[PDB]
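Below: one structure, written as structure tokens.
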Amino acid sequence: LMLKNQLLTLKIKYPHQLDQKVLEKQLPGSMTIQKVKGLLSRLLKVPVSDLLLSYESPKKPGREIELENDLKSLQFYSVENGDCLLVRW
Amino acid sequence: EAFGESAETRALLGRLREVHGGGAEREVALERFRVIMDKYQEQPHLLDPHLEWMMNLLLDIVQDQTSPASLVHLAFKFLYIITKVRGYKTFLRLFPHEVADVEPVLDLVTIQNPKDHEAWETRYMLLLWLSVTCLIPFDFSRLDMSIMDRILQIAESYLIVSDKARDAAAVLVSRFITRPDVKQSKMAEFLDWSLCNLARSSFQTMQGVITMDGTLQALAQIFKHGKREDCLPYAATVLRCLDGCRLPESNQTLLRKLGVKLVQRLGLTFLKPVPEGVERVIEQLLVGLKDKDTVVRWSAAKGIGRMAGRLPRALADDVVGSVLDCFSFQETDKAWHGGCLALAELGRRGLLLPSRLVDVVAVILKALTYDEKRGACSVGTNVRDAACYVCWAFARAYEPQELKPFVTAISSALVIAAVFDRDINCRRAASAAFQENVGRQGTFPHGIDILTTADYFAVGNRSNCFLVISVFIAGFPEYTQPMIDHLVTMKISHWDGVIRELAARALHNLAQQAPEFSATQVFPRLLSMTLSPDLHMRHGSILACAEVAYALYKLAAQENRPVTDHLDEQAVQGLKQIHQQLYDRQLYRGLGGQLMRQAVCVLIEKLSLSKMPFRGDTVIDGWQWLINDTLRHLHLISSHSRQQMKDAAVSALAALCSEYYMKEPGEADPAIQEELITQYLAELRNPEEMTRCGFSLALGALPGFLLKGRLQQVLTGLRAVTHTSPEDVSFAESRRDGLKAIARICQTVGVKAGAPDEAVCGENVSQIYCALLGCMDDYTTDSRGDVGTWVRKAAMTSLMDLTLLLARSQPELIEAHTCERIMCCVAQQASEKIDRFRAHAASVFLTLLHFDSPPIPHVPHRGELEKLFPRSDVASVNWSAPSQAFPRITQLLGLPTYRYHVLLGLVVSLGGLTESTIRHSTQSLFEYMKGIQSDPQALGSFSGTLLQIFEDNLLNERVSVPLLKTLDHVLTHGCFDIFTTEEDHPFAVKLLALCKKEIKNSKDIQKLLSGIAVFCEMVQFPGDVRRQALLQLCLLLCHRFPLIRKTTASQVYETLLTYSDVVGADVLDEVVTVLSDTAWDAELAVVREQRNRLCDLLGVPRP
Amino acid sequence: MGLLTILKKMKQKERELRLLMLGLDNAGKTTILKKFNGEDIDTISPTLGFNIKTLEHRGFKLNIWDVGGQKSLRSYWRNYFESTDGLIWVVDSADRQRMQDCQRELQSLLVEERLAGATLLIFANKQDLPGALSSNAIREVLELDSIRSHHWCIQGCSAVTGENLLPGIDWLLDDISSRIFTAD
Amino acid sequence: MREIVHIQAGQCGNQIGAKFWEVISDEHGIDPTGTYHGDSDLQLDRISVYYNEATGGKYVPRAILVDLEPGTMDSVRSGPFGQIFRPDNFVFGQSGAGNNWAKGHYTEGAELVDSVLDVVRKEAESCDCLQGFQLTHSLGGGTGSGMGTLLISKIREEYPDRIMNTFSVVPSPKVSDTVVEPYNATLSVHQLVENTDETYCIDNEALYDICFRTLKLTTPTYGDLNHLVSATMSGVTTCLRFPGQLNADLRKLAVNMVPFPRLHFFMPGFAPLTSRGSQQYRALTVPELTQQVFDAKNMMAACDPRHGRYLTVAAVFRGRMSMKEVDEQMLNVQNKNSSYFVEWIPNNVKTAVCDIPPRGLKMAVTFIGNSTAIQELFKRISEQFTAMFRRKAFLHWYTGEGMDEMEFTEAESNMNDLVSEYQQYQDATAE
Ligand SMILES: Nc1nc2c(ncn2[C@@H]2O[C@H](COP(=O)(O)OP(=O)(O)OP(=O)(O)O)[C@@H](O)[C@H]2O)c(=O)[nH]1
Ligand SMILES: Nc1nc2c(ncn2[C@@H]2O[C@H](COP(=O)(O)OP(=O)(O)OP(=O)(O)O)[C@@H](O)[C@H]2O)c(=O)[nH]1
Ligand SMILES: [Mg+2]
Ligand SMILES: [Mg+2]
């Protein structure tokens, strides 16, 4: 309701680059996957075409559901608060 | 083929103990096993050699003394699956059958609960296993409650259940009581119990019906697998008790079936391998033969056949007579089917006497063509199948010397049924019967010739059975007249138009082999049958008369003769009173008359192609009046059969005008020509759309000699009628048909220099291309939808229809600017989003670019287009699929010429409404831009053309919102990174100015959101552009729609979290805290202070 | 219900075939059955019950039912006369002290009503044993010419070498296939 | 008193039919024996529409169980509510089409349709005011879909002035592994676009995704997908088996939800997504349910109603809620100025309330729409069908058995025309 009841606090990981630490970011719930991909591209300086995002909730360890469709939102994939976001390139 | 799932199934069976622990993996394994074992449900014999070890892996676990309940339950389920896949009769023989497996399986069955619908399979297969173990030669006394008592109790407990265990219990009872030591001990008690249960159960009670079914099945199995010298004493009382059960007068099919089975087993037992009680069973079976169900009649026929196979000759003759008596006209189709089944069962064993052949054969003549229209659909398919089965059995029933006289009544009956029927099963049965008769007796004429052509696969296709196979079989004299007679006395009088048309085409194809018979004995009947009360008959009587006339005209044309060489003065006289005797009987009135509208029309074209001697008679005037009335009253016809009737009328009118309307070679009667065109063009302004379309199509189908001296008038009329007038804005079909007629005229008149008012030349082609280009641009919309597209396609087909004409004759008339505009329009159409229209435009472009006879002059970028569209990648490229069309069409943007229209057409699919199309278009655009993302010239030109397209398409919502969405998607990807370097970029200031006026005062949440997203994405450009974007965002934040406010706040937060250089370090945190602690969907009074504080923090002016 | 469903069932029933090989003990039933399929014949114990053997020959899926020849079992052979198309009778040639008995059991089997319609096949076993009455001598001791209601054809064989076994198999498969098209 | 004759075809069809029958029997006060043990008068009001009164006041399902394999029939007969069914309505063979539509429409289908029509007529005779037929099958095999299309064509030649409902289930490469599946999902459409009035599409890819993401299940099974199909079927037939302000039976529902003769593919949904295990869940509210039912995550089809124009929409509520509240919430939802304003919700949206709620839940809502987004599903099959039709690899099995290239070309043309009409109506606007 205050624009702070929608933001999902997710921790980002980098399996490819293990030297990097962990960063926990609050992203809007209705934020499309395309916007998150563009943000990650502008941050890590990696092109958007070479990016693969996945979400993994803590309730189901070991699972890794891919995010293919870029037009959908994070809420469509049942992304709850406190889910890990893996990025591969 | 072989068992490929050998190792897989072995591993699946081995991995069992470590699966039953849970529930998910167990269900997965069960589903996998079922899917693997169901593949051999059609060819189960493949599992024969692989069924010995599999069972060995499923039973040893059941006999283990340390196995849990779930494991044995899963094993029993797998065993039941294997048994219901292969067959218990062929699978129980491999089970243990020693005397040490009788107490481990009988006592094991006493550990199951009959009220457990979860583990029920275990209670089924085990009864079968007990029946298997009961086959040992040893006695039960040496092994000793006793075992026989427990077995009887278990059987009398599962026989009264509504689960699948009833069949297993009945099988066990049948295999147990029929033993040496069990017959003289436990048999009368079970019989008395069954009699009491039958005299204590009902058909209305759900439990009573189940008990009756169970006891009847048990009795039937006992009498089948029982002795003849032991069951006869009790058979009398069994039949006496069954007679009172009132099974025939019950509302259950299974009960009646079991009763018929039990009464035919009793009858068989009464006889030896006539006493009292046989007549009772005979009459009961004769009465039951007239059932509604198919299983009851089949069982009754089987029982009657089995009884006749053991009775004297007089009894067999009486049974045959009683069966034949069930064929009178007063009977029903069920009685006929039962009689046919009984006759087949009797002939299968060879019991019928030759003296009956004089009658039975006749019954077949009326059985192989049983067709009684019962309301909507007709009946008689099962009757035809039974007749075919009887004919097949006749191959072995009688001898050839006895059937000799009936070799043309059975070989011609089989030929007519296996080629001119409506069901494929009946045709296949007839073909099989014919093959069996040819293989056994071999007396039919040309049996091998009919078997080679009419094969098991060729007979499946019905359309081929009425053309290729029909003519091949009728080529012989023995199948020339009967086939046509049957087609005229049956197939033509059908209740389906498709069947009537098929029969008419078959008669047309067959007339070429017998011109005399099809013009002396077939024409007189069909000519008089056109005056019957029935509509379909008259419709099949007009079609048959039109096909024979066409065939006779063609046959004559071979000898340079007329069609009157075959038709006498009485034929042509009666063919001229067809349109007159309908108009007189107002037959064309009503929906029934619409059939006569499609009939007489077919009679006008055919007769118009034979050059009949009707020139200068009232029949031509009558046909013209009928055609005009049919073309004018088109709105009174259903939309389903609206195009077919219109096309038929247009073809008939064209044929009439080309044949009859012709004074001298290359000329026409001035009077009739002036009379036609007058009304033809006057009706083009008819407020009705259907009439306008019909008259336009009629004008477009006129020949060339009639358009001499009056082509300019028709041209200007068709040009003025195809316009988006203020009174006819939603007239899409009218313009479509007008363009179609214009194209047809341009194609039929050809080209001829120095002749504007006769053919196409340099004085009207410029007015033809202008009208085509004007009609091309059409994006009308109404409640129905985007119907304008229906016209756009019709324009494309026209632009080509003319381009290939002038290119083949006087190519110099084709200008350069006109061809360039046509190519640009074709590219724009191919860049559309619809699949069908996109594929059509792509095909038109490929045909226009890959014409070489001569090639078409003035094609912008011919070499580049040919290189980007190879000749081999034409049929394989699926233009209908966006994936196989967008990456192949986006390459046209590289060409300067194909950059404006291509981009304008691509903007609608990039910002469209479909998720798959938008994704593919965006991917193609990104792949195309990745190659021109370095050189600033390409990006600058792209930005310039995009701004021009957006500025020439402002407030056209059709293109503003798609263009805004495309801009947002491109900015989200970041294709203008080099432009972000300098401040106040030209494409970054022009677009901002355009977007503000575009959404300015917008009451659409669709274009408002796009503008908000564009403004949020445009913040990357530093300078005054970012300040203006922030000011506009802060201004629109105070909209009157809470949804707009909250979406704008979310987008602002997103673009702020994305770009970090938009706000300082000690200001960004405060801005984020303010945005996180504010309600952007509540009363604007409190939101005003937050907006003011945000503007003061970010430096945005305070309006 | 038509030819597409009835013919599919008749072709399968004709392929399958059943053969009940009866006889007294010590005759050579189990040994001959094992030799037919080609297995060991060095250890054969008395069959205290009944066994079934599925074989494939010339496409004819046969199911041989071998029942023990003990006297106690003679009172239970009636449970194997269901759908019996043939009856194989093994007669011991090297034992004249019990040939007459073999005739008795051969006279009651033909009288059975369920065994009717089948074909009889007599096999004189132990013809490699000195003192083994020939097939001509056995043709009269068992009274073969007296039979008329059913077909028959004596043919001596041997369970050791395994000769004259398959030759008689073809004659048996041909006689049943000759009447399989039409029974009457 | 409009009666409805239920028919089942194929393994999945029979399974979903039995599941729906059991669910409704567990919600209308009917016990397995077939005796009514209820505590209300809202159950035995429209019970004659799904049951027949027999001796002793017993209610009997009017379902005809047809197949070509006996395993599923025996499993359904020996289930919880198996004895309640009529053993005289169990039609089944021993072979099966074999995943081939030609063998299930011509080879074996015609041999058993002759007997199935007898039972169909017997069941339709007891119906006083016959309303039509409702088949339940799939579109990924030869037996099920073939027999379904055959029966529909037969019911369109014997019962032309009758309603024809088809709760087809579209397959998914995720659930099945056969390569000819696209074919079974193509020709059937020809029969389901020309011989049908309503077609409730049930995608097997959307249900699998919902079970893998929402339910967070390790390995979703056919019992988890049959729990969802049964819930959707029970929610769709709410107004048909219970009274209310929305008295739209089979025919009236088709007259109020079929705005076009050819376009009639719906997209049912269900906001309270309950798993096959437990069913206890907080009692949602009216606005929360209205907002969660319109979400694409709570849809049974793999289509986004947002990406397309809406044709007809209907919402049926079943809980301790008011119809006045349902109408105040709907009026607020369709107002931009209001804070409760949302998109993808036009003004043509009916409303209904059910006094008797679904089992396990106290407040539920079921949405039935007809947006053009369903076209996105059809195209998903086109790319999987034509890609093989151009090669004619497995086309021999159909040609040599009965079919022909003409039928395939006609079906492809019909599918293309349907897709074109859908894409054209997607941009339908009038002022
Ligand atoms: N010399 C010789 N011995 C044989 C021949 N055939 C069988 N035998 C032996 O005869 C004995 C009895 O053979 P089986 O096959 O066990 O007897 P059976 O007739 O089946 O007898 P039952 O077990 O009572 O049914 C065994 O020692 C066999 O090896 C043969 O051709 N020659
Ligand atoms: N949702 C769902 N789909 C099922 C179920 N069982 C089978 N299917 C699907 O049904 C489709 C076709 O298989 P079935 O319906 O079992 O086949 P059939 O109709 O009996 O046909 P034949 O295999 O030819 O006998 C496949 O796509 C399966 O995934 C089920 O319980 N639920
Ligand atoms: Mg032995
Ligand atoms: Mg199946």
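In the structure tokens, chains take letters A, B, ... by order of appearance, with residues numbered from 1 within each chain and ligands from 1 in the order shown.
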Mind running chain A against chain D at 12 Å and telling me each contacting residue's nearest atom pair with the distance in Å (one decimal), counting only C-alpha atoms, chain and number ascending, as JSON lines?
```
{"residue": "A:1", "atom": "CA", "partner": "D:339", "partner_atom": "CA", "distance": 10.4}
{"residue": "A:55", "atom": "CA", "partner": "D:213", "partner_atom": "CA", "distance": 10.8}
{"residue": "A:56", "atom": "CA", "partner": "D:213", "partner_atom": "CA", "distance": 10.5}
{"residue": "A:57", "atom": "CA", "partner": "D:216", "partner_atom": "CA", "distance": 9.7}
{"residue": "A:58", "atom": "CA", "partner": "D:216", "partner_atom": "CA", "distance": 11.4}
{"residue": "A:59", "atom": "CA", "partner": "D:216", "partner_atom": "CA", "distance": 8.7}
{"residue": "A:60", "atom": "CA", "partner": "D:216", "partner_atom": "CA", "distance": 7.5}
{"residue": "A:61", "atom": "CA", "partner": "D:218", "partner_atom": "CA", "distance": 11.0}
{"residue": "A:62", "atom": "CA", "partner": "D:218", "partner_atom": "CA", "distance": 10.8}
{"residue": "A:63", "atom": "CA", "partner": "D:218", "partner_atom": "CA", "distance": 9.1}
{"residue": "A:64", "atom": "CA", "partner": "D:213", "partner_atom": "CA", "distance": 10.7}
{"residue": "A:65", "atom": "CA", "partner": "D:213", "partner_atom": "CA", "distance": 8.4}
{"residue": "A:66", "atom": "CA", "partner": "D:213", "partner_atom": "CA", "distance": 11.0}
{"residue": "A:67", "atom": "CA", "partner": "D:213", "partner_atom": "CA", "distance": 11.8}
{"residue": "A:71", "atom": "CA", "partner": "D:307", "partner_atom": "CA", "distance": 10.7}
{"residue": "A:72", "atom": "CA", "partner": "D:304", "partner_atom": "CA", "distance": 9.7}
{"residue": "A:73", "atom": "CA", "partner": "D:296", "partner_atom": "CA", "distance": 10.8}
{"residue": "A:74", "atom": "CA", "partner": "D:297", "partner_atom": "CA", "distance": 11.4}
{"residue": "A:75", "atom": "CA", "partner": "D:297", "partner_atom": "CA", "distance": 8.9}
{"residue": "A:76", "atom": "CA", "partner": "D:297", "partner_atom": "CA", "distance": 6.0}
{"residue": "A:77", "atom": "CA", "partner": "D:213", "partner_atom": "CA", "distance": 6.7}
{"residue": "A:78", "atom": "CA", "partner": "D:214", "partner_atom": "CA", "distance": 6.2}
{"residue": "A:79", "atom": "CA", "partner": "D:213", "partner_atom": "CA", "distance": 9.1}
{"residue": "A:80", "atom": "CA", "partner": "D:214", "partner_atom": "CA", "distance": 10.5}
```
Selection: 12 Å around residue 192 in chain B, only C-alpha atoms, excl. self and same-chain fewer than 6 positions, as a PDB file with N, CA, C and O atoms, in the first residue's frame:
```pdb
ATOM      1  N   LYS B 186     -20.661 -81.432  -3.237  1.00  0.00           N
ATOM      2  CA  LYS B 186     -21.034 -80.019  -3.210  1.00  0.00           C
ATOM      3  C   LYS B 186     -21.467 -79.621  -4.618  1.00  0.00           C
ATOM      4  O   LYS B 186     -20.637 -79.271  -5.462  1.00  0.00           O
ATOM      5  N   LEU B 198     -32.159 -66.517  -6.962  1.00  0.00           N
ATOM      6  CA  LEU B 198     -32.892 -66.042  -8.131  1.00  0.00           C
ATOM      7  C   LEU B 198     -34.352 -65.770  -7.790  1.00  0.00           C
ATOM      8  O   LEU B 198     -34.943 -64.807  -8.293  1.00  0.00           O
ATOM      9  N   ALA B 199     -34.922 -66.566  -6.883  1.00  0.00           N
ATOM     10  CA  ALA B 199     -36.335 -66.422  -6.462  1.00  0.00           C
ATOM     11  C   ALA B 199     -36.435 -65.433  -5.297  1.00  0.00           C
ATOM     12  O   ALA B 199     -37.563 -65.236  -4.803  1.00  0.00           O
ATOM     13  N   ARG B 200     -35.317 -64.836  -4.870  1.00  0.00           N
ATOM     14  CA  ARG B 200     -35.288 -63.895  -3.716  1.00  0.00           C
ATOM     15  C   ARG B 200     -34.703 -62.541  -4.137  1.00  0.00           C
ATOM     16  O   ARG B 200     -34.624 -61.655  -3.265  1.00  0.00           O
ATOM     17  N   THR B 215     -25.382 -64.845  -9.909  1.00  0.00           N
ATOM     18  CA  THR B 215     -25.863 -66.222  -9.925  1.00  0.00           C
ATOM     19  C   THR B 215     -26.098 -66.708 -11.350  1.00  0.00           C
ATOM     20  O   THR B 215     -25.846 -67.877 -11.660  1.00  0.00           O
ATOM     21  N   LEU B 219     -24.259 -69.911 -12.987  1.00  0.00           N
ATOM     22  CA  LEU B 219     -24.986 -71.011 -13.613  1.00  0.00           C
ATOM     23  C   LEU B 219     -24.530 -71.224 -15.051  1.00  0.00           C
ATOM     24  O   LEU B 219     -24.348 -72.366 -15.491  1.00  0.00           O
ATOM     25  N   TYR B 234     -30.945 -81.771 -13.102  1.00  0.00           N
ATOM     26  CA  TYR B 234     -31.269 -80.480 -12.510  1.00  0.00           C
ATOM     27  C   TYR B 234     -31.567 -79.408 -13.549  1.00  0.00           C
ATOM     28  O   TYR B 234     -32.058 -78.334 -13.180  1.00  0.00           O
ATOM     29  N   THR B 237     -35.388 -78.369 -13.511  1.00  0.00           N
ATOM     30  CA  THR B 237     -35.771 -77.432 -12.461  1.00  0.00           C
ATOM     31  C   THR B 237     -35.103 -76.076 -12.650  1.00  0.00           C
ATOM     32  O   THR B 237     -35.707 -75.043 -12.337  1.00  0.00           O
ATOM     33  N   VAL B 238     -33.872 -76.049 -13.167  1.00  0.00           N
ATOM     34  CA  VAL B 238     -33.204 -74.773 -13.410  1.00  0.00           C
ATOM     35  C   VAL B 238     -33.991 -73.955 -14.425  1.00  0.00           C
ATOM     36  O   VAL B 238     -34.233 -72.757 -14.233  1.00  0.00           O
ATOM     37  N   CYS B 241     -37.279 -72.685 -12.953  1.00  0.00           N
ATOM     38  CA  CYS B 241     -37.106 -71.530 -12.078  1.00  0.00           C
ATOM     39  C   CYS B 241     -36.746 -70.283 -12.877  1.00  0.00           C
ATOM     40  O   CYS B 241     -37.184 -69.176 -12.539  1.00  0.00           O
TER      41      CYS B 241
END
```
(request) Quick one: everything within 12 Å of range 399-408 of chain D, counting only C-alpha atoms, minus sequence neighbours fewer than 3 positions away in the same chain. Send it as number ranges by chain. (result) B: 423-425, 427-428, 455-464; D: 97, 100-108, 183-184, 186-191, 385-386, 388-390, 392-396, 411-415
Shell of 8 Å around ligand 1 (only C-alpha atoms and all ligand atoms), written as a short mmCIF file (atom, residue, chain, number, x, y, z; two decimals) with N, CA and C atoms, in the first residue's frame:
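New file selection_37.cif:
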```
data_model
loop_
_atom_site.label_atom_id
_atom_site.label_comp_id
_atom_site.auth_asym_id
_atom_site.auth_seq_id
_atom_site.Cartn_x
_atom_site.Cartn_y
_atom_site.Cartn_z
N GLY C 23 -1.08 -91.82 -21.18
CA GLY C 23 -0.41 -93.11 -21.21
C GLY C 23 -0.05 -93.56 -19.81
N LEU C 24 0.34 -94.83 -19.72
CA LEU C 24 0.73 -95.41 -18.45
C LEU C 24 2.16 -95.02 -18.09
N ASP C 25 2.51 -95.23 -16.82
CA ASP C 25 3.85 -94.91 -16.35
C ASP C 25 4.88 -95.81 -17.02
N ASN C 26 6.14 -95.35 -16.98
CA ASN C 26 7.27 -96.06 -17.56
C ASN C 26 7.19 -96.14 -19.09
N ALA C 27 6.23 -95.46 -19.69
CA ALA C 27 6.06 -95.47 -21.14
C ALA C 27 7.07 -94.59 -21.87
N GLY C 28 7.23 -93.34 -21.43
CA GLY C 28 8.16 -92.43 -22.07
C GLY C 28 7.51 -91.13 -22.50
N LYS C 29 6.48 -90.70 -21.78
CA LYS C 29 5.78 -89.46 -22.10
C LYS C 29 6.62 -88.23 -21.82
N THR C 30 7.06 -88.04 -20.57
CA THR C 30 7.91 -86.92 -20.21
C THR C 30 9.22 -86.88 -20.98
N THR C 31 9.84 -88.04 -21.21
CA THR C 31 11.09 -88.06 -21.97
C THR C 31 10.86 -87.57 -23.40
N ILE C 32 9.80 -88.05 -24.05
CA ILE C 32 9.51 -87.61 -25.41
C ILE C 32 9.17 -86.13 -25.43
N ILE C 41 17.59 -85.22 -20.82
CA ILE C 41 16.75 -86.39 -20.60
C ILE C 41 17.52 -87.41 -19.76
N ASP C 42 18.51 -86.94 -19.01
CA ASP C 42 19.32 -87.81 -18.17
C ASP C 42 18.73 -88.00 -16.78
N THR C 43 17.84 -87.11 -16.34
CA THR C 43 17.22 -87.20 -15.02
C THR C 43 15.74 -86.86 -15.18
N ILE C 44 14.89 -87.88 -15.17
CA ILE C 44 13.45 -87.72 -15.31
C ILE C 44 12.80 -88.55 -14.21
N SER C 45 12.19 -87.88 -13.24
CA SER C 45 11.52 -88.53 -12.12
C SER C 45 10.03 -88.66 -12.40
N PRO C 46 9.33 -89.53 -11.66
CA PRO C 46 7.88 -89.66 -11.87
C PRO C 46 7.17 -88.33 -11.68
N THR C 47 6.28 -88.02 -12.62
CA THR C 47 5.51 -86.78 -12.58
C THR C 47 4.27 -87.01 -11.72
N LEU C 48 4.32 -86.52 -10.48
CA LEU C 48 3.20 -86.67 -9.54
C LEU C 48 2.26 -85.47 -9.69
N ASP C 66 1.18 -82.87 -20.21
CA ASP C 66 1.72 -84.16 -19.80
C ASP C 66 1.18 -84.51 -18.42
N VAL C 67 0.41 -85.59 -18.34
CA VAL C 67 -0.18 -86.06 -17.09
C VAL C 67 0.48 -87.37 -16.71
N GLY C 68 0.69 -87.57 -15.41
CA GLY C 68 1.32 -88.79 -14.95
C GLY C 68 0.50 -90.02 -15.30
N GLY C 69 1.19 -91.13 -15.51
CA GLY C 69 0.57 -92.39 -15.86
C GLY C 69 0.24 -93.29 -14.69
N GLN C 70 0.26 -92.76 -13.46
CA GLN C 70 -0.05 -93.58 -12.30
C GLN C 70 -1.53 -93.95 -12.29
N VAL C 90 1.34 -93.10 -25.90
CA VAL C 90 2.64 -93.75 -25.94
C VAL C 90 2.49 -95.17 -25.43
N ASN C 125 7.10 -96.49 -28.24
CA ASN C 125 8.38 -96.09 -27.69
C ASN C 125 9.24 -97.31 -27.37
N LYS C 126 10.51 -97.05 -27.05
CA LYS C 126 11.47 -98.10 -26.72
C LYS C 126 11.57 -99.13 -27.85
N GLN C 127 11.84 -98.64 -29.07
CA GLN C 127 11.98 -99.53 -30.25
C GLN C 127 13.48 -99.80 -30.44
N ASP C 128 14.32 -99.17 -29.61
CA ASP C 128 15.79 -99.40 -29.63
C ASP C 128 16.09 -100.49 -28.60
N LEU C 129 15.07 -100.98 -27.89
CA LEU C 129 15.22 -102.02 -26.85
C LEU C 129 14.98 -103.40 -27.46
N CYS C 157 8.82 -94.72 -32.65
CA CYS C 157 9.80 -93.67 -32.40
C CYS C 157 10.72 -94.14 -31.28
N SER C 158 11.55 -93.22 -30.79
CA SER C 158 12.48 -93.52 -29.71
C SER C 158 12.74 -92.24 -28.92
N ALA C 159 12.72 -92.36 -27.59
CA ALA C 159 12.95 -91.20 -26.74
C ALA C 159 14.42 -90.87 -26.57
N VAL C 160 15.31 -91.82 -26.83
CA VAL C 160 16.75 -91.59 -26.69
C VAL C 160 17.27 -90.88 -27.93
N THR C 161 17.29 -91.58 -29.06
CA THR C 161 17.79 -90.98 -30.29
C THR C 161 16.88 -89.85 -30.77
N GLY C 162 15.57 -89.97 -30.57
CA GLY C 162 14.64 -88.95 -30.99
C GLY C 162 14.38 -88.98 -32.49
#
```
Pick out the residues no farther than 9 Å from ligand 4, counting only C-alpha atoms and all ligand atoms, and list them as a tab-separated table (two decimals) with C-alpha atoms, in the first residue's frame.
```tsv
chain	number	residue	atom	x	y	z
B	38	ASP	CA	-0.47	-50.57	-22.55
B	41	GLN	CA	-2.67	-53.88	-25.82
D	10	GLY	CA	-10.73	-42.47	-22.63
D	11	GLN	CA	-8.79	-43.16	-19.45
D	12	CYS	CA	-8.38	-39.52	-18.44
D	67	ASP	CA	-13.78	-47.09	-23.57
D	68	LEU	CA	-11.79	-49.70	-25.60
D	69	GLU	CA	-9.73	-51.12	-22.64
D	71	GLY	CA	-8.53	-51.92	-16.93
D	72	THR	CA	-9.86	-48.37	-16.28
D	96	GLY	CA	-7.92	-49.78	-27.94
D	97	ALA	CA	-7.18	-47.29	-30.78
D	98	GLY	CA	-3.53	-47.48	-29.53
D	99	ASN	CA	-2.92	-43.65	-29.53
D	141	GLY	CA	-4.82	-40.17	-27.86
D	142	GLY	CA	-6.74	-42.21	-30.39
D	143	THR	CA	-9.29	-44.03	-28.26
D	144	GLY	CA	-10.56	-41.14	-26.15
```
(message) DSSP on the backbone: which residues in range 159-273 of chain D end up as helix (DSSP H, G or I)? Give the answer as a ChimeraX atom specification.
(response) /D:181-184,187-194,204-213,222-236,238-241,250-257
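Within 8 Å of chain B, counting only C-alpha atoms, chain C contributes residues 1, 2, 3, 4, 49, 50, 52, 73, 76, 77, 79, 113, 182, 183 and 184 of chain C.
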Tell me which protein, DNA and RNA residues are within 10 Å of residue 138 in chain C, counting only C-alpha atoms, leaving out same-chain ones fewer than 2 positions away, and put them as a CSV table (one decimal) with C-alpha atoms, in the first residue's frame.
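Output (selection26.csv):
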```
chain,number,residue,atom,x,y,z
C,91,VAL,CA,2.9,-97.6,-25.9
C,92,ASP,CA,5.9,-99.3,-24.4
C,93,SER,CA,7.3,-101.9,-26.8
C,99,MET,CA,0.0,-104.3,-23.3
C,122,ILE,CA,0.0,-93.8,-31.3
C,123,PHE,CA,3.7,-93.8,-30.6
C,124,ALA,CA,5.5,-97.1,-30.0
C,132,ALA,CA,10.4,-104.3,-28.5
C,133,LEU,CA,7.4,-105.7,-30.6
C,134,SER,CA,7.5,-103.8,-34.0
C,135,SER,CA,4.9,-101.3,-35.1
C,136,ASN,CA,3.2,-104.0,-37.2
C,140,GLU,CA,-2.7,-105.7,-33.9
C,141,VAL,CA,-2.3,-106.1,-30.2
C,142,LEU,CA,-4.0,-102.7,-29.6
C,143,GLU,CA,-6.7,-103.3,-32.2
C,144,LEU,CA,-6.2,-100.2,-34.4
C,154,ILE,CA,0.9,-95.9,-35.7
C,155,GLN,CA,4.5,-94.7,-36.0
C,156,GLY,CA,7.3,-96.1,-33.9
```
